[PDB]
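>>> Below is the sequence, then the experimental coordinates.
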Amino acid sequence: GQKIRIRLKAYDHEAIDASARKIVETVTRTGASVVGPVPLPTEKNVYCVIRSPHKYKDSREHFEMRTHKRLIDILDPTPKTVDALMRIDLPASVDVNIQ
Amino acid sequence: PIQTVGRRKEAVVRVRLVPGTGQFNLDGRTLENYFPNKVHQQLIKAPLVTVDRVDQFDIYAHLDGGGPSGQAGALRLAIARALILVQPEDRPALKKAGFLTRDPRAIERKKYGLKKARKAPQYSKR
Amino acid sequence: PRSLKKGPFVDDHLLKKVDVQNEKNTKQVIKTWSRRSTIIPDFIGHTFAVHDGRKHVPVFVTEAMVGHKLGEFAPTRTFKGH
Amino acid sequence: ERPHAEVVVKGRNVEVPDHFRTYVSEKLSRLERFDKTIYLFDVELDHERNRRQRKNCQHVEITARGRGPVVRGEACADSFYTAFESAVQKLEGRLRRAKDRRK
Amino acid sequence: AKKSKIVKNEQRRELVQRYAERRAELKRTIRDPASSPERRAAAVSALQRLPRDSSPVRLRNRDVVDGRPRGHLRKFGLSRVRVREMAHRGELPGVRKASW
Amino acid sequence: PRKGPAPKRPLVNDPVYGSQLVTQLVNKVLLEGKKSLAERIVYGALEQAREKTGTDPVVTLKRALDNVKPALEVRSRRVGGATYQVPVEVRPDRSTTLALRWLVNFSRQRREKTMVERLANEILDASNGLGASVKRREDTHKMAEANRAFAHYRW
Amino acid sequence: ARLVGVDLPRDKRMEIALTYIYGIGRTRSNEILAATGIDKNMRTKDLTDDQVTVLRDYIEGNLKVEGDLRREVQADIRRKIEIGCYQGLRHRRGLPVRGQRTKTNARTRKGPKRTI
RNA sequence: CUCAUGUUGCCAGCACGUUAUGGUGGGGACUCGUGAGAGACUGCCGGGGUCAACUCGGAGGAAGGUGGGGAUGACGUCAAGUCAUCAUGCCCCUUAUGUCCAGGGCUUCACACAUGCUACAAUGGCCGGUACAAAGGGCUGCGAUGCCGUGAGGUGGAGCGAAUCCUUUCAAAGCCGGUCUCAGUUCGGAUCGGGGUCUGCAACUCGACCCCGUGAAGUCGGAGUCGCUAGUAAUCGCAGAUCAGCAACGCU
């Protein structure tokens, strides 16, 4: 058949799962074939830092910017559904690669 | 089908335990092809040693993760758990030597200000 | 070491000045500010001087001074001892 | 080990006419005279350079090696002499303590 | 650091953005093959005619807020001090204190 | 250990024979975590013993252990201007530990071009009653005979 | 046996035996052995005058030796010290010359660790 | 540990490529990557115990007696440190202690102190043959295969904002065969003389790297001291923030 693949990127797991359910819903609204957010890995961009100025290199701290990622493969891309899913609304925290 | 798992410090092995002979096959090879380490062989054998059923139950493995000794402990673990699926009645005599537990002892986080896990820099007083 | 595919580092100032000089055919003491310029055998005629952080040093040229930098012939640090 | 007394002279920023060295080397041999277990002596000249000093203009820390414990003596004064002699006395206090605690 | 020094690094970025766009690139392109006119190019001696500031080695990743020319993290693009302070105020996405 | 001891470890057995004195020995010669290397060194030395005296090497090893295994040893305590040594009975665990430690570390400073020879022939020596291990054991017993006088502290 | 200027040992595999000459190391030794075609599992006691002679001809044709090498280095150093290069001045001092540490270490050139 | 979750990764049950191979359909079964919840609560046993806590040996368990390690600094001192990350009260420069410029330095050394590693060898030096980890980095960049170079290196670019692709289908100890046969030594690598590579406009003070020759001190360490109670110590190597390239053997 045919596919259209979405790769969702975020930092909030609650919200990436929220928009996952929302997008799966809006894909289901057309009776169009829907699969689900497969549990695929997440990057972890990590950065160690020192706390204080001018000395005390032994005291440090860590920080960890994760990257929540979800693949959603939509089968049966009826072009009505395609141009509908082109026009979902979301808040700011999530970004999406439509390919 | 019969399938159980073994994991020791990032050393995973799956197992097929069949009622045949003790034929060992480990990723296109055998226990005498890999593992030139006799203490490791003892580990690998200790469950069948325990039940006195050495050469009563074929085993087929797929090794991945960890190094030889981690893989070894995971192997003997999975073989014993498969023997428990064969029959649990022998289990409370295997806890008598405890050849059944997962090793809850993994490598440690490396800390800051220091050289590794617990080796501190030389507290120099000059 | 200067790579060979790149060739030498002969810098424009003294390269063009010494073009002008050998086309005058005349030779005199000539100052320059570049330690980082590499040496050609075409310098065995002229006398070059360089600055070293305090003042200038002149130096006369020889056959086997080729392939080198002029800073190699300027004393940059003075250590007479304790 | 008598010229083996590892003098360490130090000053972060103070005008140092050459007699501080005389005073200090001699005031260190002073206590070399009666303790033979000594390797290093660190000697420091420091100064707060604050307007309206709180009667602490010059400051001195001295620290000395020994076979096991070390010796530690701090003093503070308005100039070189009161501080050096005070630190010398405090060294002697630590050292008398340690040599009474030897036998 | 200083206003003047941040201004000068900003000037140098403008120079580089101008001239390493294509001017300080074509000589590299032609002078990397061994078919080059190096034997009579004077393109090396011509790259000596361009300003030294044409080269990017003179740049430095200074912070945008302070200009600390050290301790700089390209991902945040900041001095480590300001990095600490932002993540302390909770002003960067999904950033937190972790363990393992 | 201001609160109490921890249990001593669940030691392994020898894979081949069934005497954990062997693994005690290999763990005490183990050097930079090269256990299988020390182990093949062990097996080679033991096979030398077997082919050089026609016996099972573990028995002659027990023989040498019986030779050098002390019962009485020293324990020091600084008291009253002249730090005293004191005789102490020594339980089996520390006895065996110390005997094997002597045996290994005095096999080390021998002159056979190779550890397989130094070790094995030192074992032969301590077995049949000649080695530097036995020498140091006698030295220790003589020291206990010396400082018999100070047992009465009972420590 | 005897050669261009060094007394060969006896129980040294040839690749190691030739290494005792100044202009010969392990790589050049084995390169020469490969060029000759002799088994490098041999001893010097069992070597032939024929092979030694042709080896000798070969190396004196295609490889400078002890004396010419010492001569070469002497020439290099008197040259770069008479033109007054920085290498030359550091060699006058006896200090490490290749742009190295100089303050604390480099006792190999500063002599013994003589206390002051 | 129960259920789901099926690719960019598994791949037992099946059919098809066969030189490199999960490589392709096909099963989400075991793995599994990501999330939710039960599991340790002296939970129950019986003897001790102001009968209270507090314990002593048990079953069951994957873990059992604050599972382990993490994060987390009570009020304050040391007038602790940073007016040079930053902020700033007061004093001063202003024709200059500001400021724009190229050169030089912060790497000077008859020495001292401190941190570490590389060694003083046969558990070791050398060639060759065989298998596996975790783990992350990437676009005006990571760079594959082919071939040429001794080898660093190279036109070139497949594929790649990346569970795929560069990341050999990812390694070193280790194993198998043989030599070296205990000695300033096939140990050790300084140090220098030359032959050279890459980046940078520029390798002299002053960069890393391969190759040739070079072959020094060092034959287990003094009075005392330092770190370590389990997946710890000791050892092998990997990866990387910063960074064009580097002293990074540091740091994580």
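Received the coordinates, thanks. Residues are numbered from 1 along each chain as shown, chains lettered A, B, ... in the order given.
>>> use CA for all of it now, contacts and neighbours both
Will do.
>>> Looks like residue E:97 contacts residue A:64 (just checking).
Yes - here residue E:97 reaches residue A:64: they are 6.9 Å apart, a contact under Cα atoms under 8 Å.
>>> Tell me the spacing between the residue in chain A positioned nearest to RNA strand H and residue B:103.
Here the residue of chain A nearest RNA strand H is residue A:41; by Cα to the nearest atom of the strand that distance is 3.4 Å. Look at residue A:41 and residue B:103: by Cα to Cα, to the nearest Å, they are 26 Å apart.
>>> okay, now the residue nearest to residue G:5 when sequence neighbours are not counted: neighbour count?
The spatially closest residue to residue G:5, leaving aside those adjacent along the chain, is residue G:66, at 7.1 Å (Cα to Cα, 6 or more residues apart in numbering or on different chains). Residue G:66 has 15 neighbours, counted by other Cα atoms under 10 Å in any protein chain shown.
>>> OK, contacts around residue G:66?
G:5, G:21-23 (Cα atoms under 8 Å, 6 or more residues apart in numbering or on different chains).
>>> Let's have those residues in CSV, adding secondary structure and neighbour count.
As requested, the contacts of residue G:66 are exported to CSV (DSSP: H, G, I helix; E, B strand; the rest coil; neighbours: other Cα atoms under 10 Å in any protein chain shown):
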residue, secondary structure, neighbour count
G:5, coil, 11
G:21, coil, 17
G:22, coil, 15
G:23, coil, 17
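>>> so the residue of chain A closest to RNA strand H sits right up against residue A:66, yeah?
No - applying Cα under 8 Å as the test, residue A:41 and residue A:66 come out as separate, 10.5 Å apart.
>>> just to revisit the earlier point, okay, residue E:97 and residue A:64: which has more neighbours?
residue A:64 (17 against 11).
>>> if you skip the residues just before and after it, what's nearest to the more buried one?
residue A:46 (4.4 Å).
>>> ok, now how distant is the closest residue to residue F:127 other than its chain neighbours from residue G:82?
Distances taken as Cα to Cα, 6+ apart put residue F:64 closest to residue F:127, at 3.7 Å, once the chain neighbours are dropped. Shown here: residue F:64 relative to residue G:82, a distance of 73 Å by Cα to Cα.
>>> do residue G:99 as well
Applying Cα to Cα to residue G:99 and residue G:82 gives a distance of 20 Å.
>>> More neighbours: these two, which one.
More crowded of residue G:99 and residue G:82, by other Cα under 10 Å: residue G:82, with 11 against 7.
>>> Could you pull up the residues touching the nearest residue to the more buried one once chain neighbours are set aside?
Of all residues not flanking residue G:82 in the chain, residue G:88 sits nearest, at 7.5 Å (Cα to Cα, 6+ apart). By Cα under 8 Å, 6+ apart, residue G:88 lies in contact with G:77, G:80-82.
>>> Would you mark the buried spots in the helix ranked longest in chain F?
Counting residues, the longest helix found in chain F (DSSP state H) is helix F:35-53. If you call a residue buried by 16 or more other Cα atoms under 10 Å in any protein chain shown, then helix F:35-53 has these buried ones: F:35-36, F:38-39, F:41-43, F:45-49.
>>> now swap in stretch F:12-27 and tell me
Of the residues in stretch F:12-27, those buried (16+ other Cα under 10 Å) are F:13-15, F:21-26.
>>> Using JSON lines, lay out those together with secondary structure and distance to chain G.
Formatted as JSON lines, the buried residues of stretch F:12-27 follow (DSSP: H, G, I helix; E, B strand; the rest coil; distance: Cα to the nearest Cα, whole Å):
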{"residue": "F:13", "secondary structure": "coil", "distance to chain G": "45"}
{"residue": "F:14", "secondary structure": "coil", "distance to chain G": "42"}
{"residue": "F:15", "secondary structure": "coil", "distance to chain G": "41"}
{"residue": "F:21", "secondary structure": "helix", "distance to chain G": "43"}
{"residue": "F:22", "secondary structure": "helix", "distance to chain G": "40"}
{"residue": "F:23", "secondary structure": "helix", "distance to chain G": "40"}
{"residue": "F:24", "secondary structure": "helix", "distance to chain G": "42"}
{"residue": "F:25", "secondary structure": "helix", "distance to chain G": "38"}
{"residue": "F:26", "secondary structure": "helix", "distance to chain G": "36"}
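>>> Most widely separated two among the residues you listed?
F:15 and F:25 (13.5 Å; Cα to Cα).
>>> what residues are up against whichever residue of chain A sits closest to chain B?
For chain A and chain B, the shortest gap (Cα to the nearest Cα) falls at residue A:58, measuring 4.3 Å. By Cα under 8 Å, 6+ apart, the contact set of residue A:58 is B:112-113.
>>> Report the secondary structure element holding it.
For residue A:58, there is no host helix or strand (DSSP states H and E).
>>> For chain D, which segments are assigned as helices?
So, for chain D - with DSSP H - the helices run D:19-32, D:80-100.
>>> what's the last one in contact with?
In other words, helix D:80-100. D:20, D:24, D:27, D:31, D:35, D:58-62, D:71-77.
>>> Quick check: residues of chain A near chain F?
Remark: no part of chain A is in contact with chain F, using Cα under 8 Å from any Cα of the partner chain.
>>> Quick check: residues of chain G near chain C?
Near chain C, when you scan chain G using Cα under 8 Å from any Cα, you find G:79, G:83-86.
>>> In chain E, where's the longest helix?
helix E:3-19.
>>> Give the buried residues for the helix or strand following it.
Following helix E:3-19 in sequence order, the next helix or strand is helix E:23-31 (DSSP H and E). Residues E:24, E:27, E:31 are the ones in helix E:23-31 that count as buried (16+ other Cα under 10 Å).
>>> Would you mind measuring from the residue nearest to the last one when sequence neighbours are not counted to chain F?
When you say that, I think you mean residue E:31. Once flanking residues are discounted, residue E:31 sits nearest to residue E:38: 6.9 Å by Cα to Cα, 6+ apart. Distance of residue E:38 to chain F, given as Cα to the nearest Cα, to the nearest Å: 58 Å.
>>> isn't residue E:38 right up against residue E:28?
No - under the criterion of Cα under 8 Å, residue E:38 makes no contact with residue E:28, lying 11.2 Å away.
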